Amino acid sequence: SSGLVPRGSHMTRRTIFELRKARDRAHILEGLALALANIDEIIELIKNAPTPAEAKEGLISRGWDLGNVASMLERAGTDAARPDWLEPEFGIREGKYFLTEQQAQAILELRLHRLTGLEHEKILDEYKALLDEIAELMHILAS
């Protein structure tokens, strides 16, 4: 319906390939979206750490408010979009979000101009688009 996977033999295997890449990519973007929803406290945490290694540790060792991404994060489809290698201790627990080391690493590598209105929105648009692609891919394979 959206033509997400190029025609040309082994469509099902190639569809599964796109699905698993999309989940990995959506996982990172989800971390960034969450960080961008909490940017003051995220930045305070980093300023308050002596090293990037200690900041990464701080980022993952406490829960984050869902903020402006709560509605997306709590959707049943968004849970279904999580990578299946992801342990149950990560994502949403008791109203708060728990980051992985990989998502914390990407947050630390954000550049300051990502905080501008248009760049923040492009991260959210890209995350939503990925969620939509994943839901579509999964549905194709649900038969």
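One rule holds for the numbers: they count along the sequence shown, beginning at 1.
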When mean C-alpha B-factors in the record are compared for 61 to 69 and 24 to 32, the larger belongs to 61 to 69
According to the deposited model, is the average Cα temperature factor higher in 40 to 48 or in 70 to 78? 70 to 78
Thinking about Cα B factors across the chain, which third does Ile92 belong to? middle
Splitting the chain's C-alpha B-factors into thirds, which one does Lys128 fall into? highest
Sorting the chain's modelled residues by C-alpha B-factor, tell me whether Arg13 ends up in the lowest, middle or highest third. highest
Quick check for you: using the entry's CA B-factors within this chain, is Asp84 in the lowest, middle or highest third? highest
